[PDB]
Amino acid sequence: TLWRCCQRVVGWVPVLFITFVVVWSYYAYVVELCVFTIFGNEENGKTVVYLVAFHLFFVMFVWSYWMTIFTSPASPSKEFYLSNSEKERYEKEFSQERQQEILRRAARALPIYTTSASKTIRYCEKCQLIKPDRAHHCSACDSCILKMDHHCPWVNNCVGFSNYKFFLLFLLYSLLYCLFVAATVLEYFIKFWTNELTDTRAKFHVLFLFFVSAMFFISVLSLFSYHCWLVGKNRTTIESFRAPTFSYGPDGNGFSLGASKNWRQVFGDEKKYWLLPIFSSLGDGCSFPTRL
């Protein structure tokens, strides 16, 4: 009965965890490193430069992370749903041959160019809708996600057609945020181990700062290089495991329009919006251009 409230809240635990580490990083870098360590070394010039640059990376990081969490994933349009008359005919009939004849008649009035592995119309029994191309159902979101990529647990949302460019920018600014921390703490991370700087609480944070920042850089870098290929091939993570089957058979590059035009499907034609977590993706998520 009340299991929904516990399940809904426990999904925010990875978000609150990442939020704490990021808040801890803002404290450790600004207070412990810049004020207690670099400012305690009479380096007013270096102190100010690091503080300004850090806030730029920190803002672009928190901005991208926020947009990746709270951008609700787009759902299929109302045209894809089975009408109350057509839904009855589907649940009333018992022959899977006539079941396909009902779905095919409605689907041919829809911009659908893909089928299932069994040459059947892609249909979702729970949502009672015909899945658009590249759209899949997520048992965590309990809904169909347009151009679904994967359900990332570290954010309480699904990475889909609406989230994708934000998720990419979140990864991008995550390495830049971590690389900038590691590259700047490094020259002082040398100090605390070899006993050049001996502050009590600053040692605990600066050491943890370098460890955590470097660990996240190596971990996320693997994921970032992974998606850079996916964007150029116009393949979601789901399609990278099962290639979509078109009318002419399975094709791993059925949605590819060339490397240049594929990046424009995610980031758009406006170059000024490429680095900003602002929605600039082309199309609507319910239909996609085909290679043929």
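One-based numbering along the sequence shown.
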185-193 versus 128-136 - greater average Cα B-factor per the deposited record: 185-193
Comparing against every modelled residue in the chain, figure out the third that the C-alpha B-factor of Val206 lands in (lowest, middle or highest). highest
Would the CA B-factor of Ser64 place it in the lowest, middle or highest third of its chain? lowest
Which third of the chain does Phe94 land in by C-alpha B-factor: lowest, middle or highest? highest
Going by the entry, which third of its chain does the Cα temperature factor of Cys152 land in? middle
Using the B-factor values recorded in the entry, state whether the Cα atom of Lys165 falls in the lowest, middle or highest third among the modelled residues of its chain. lowest
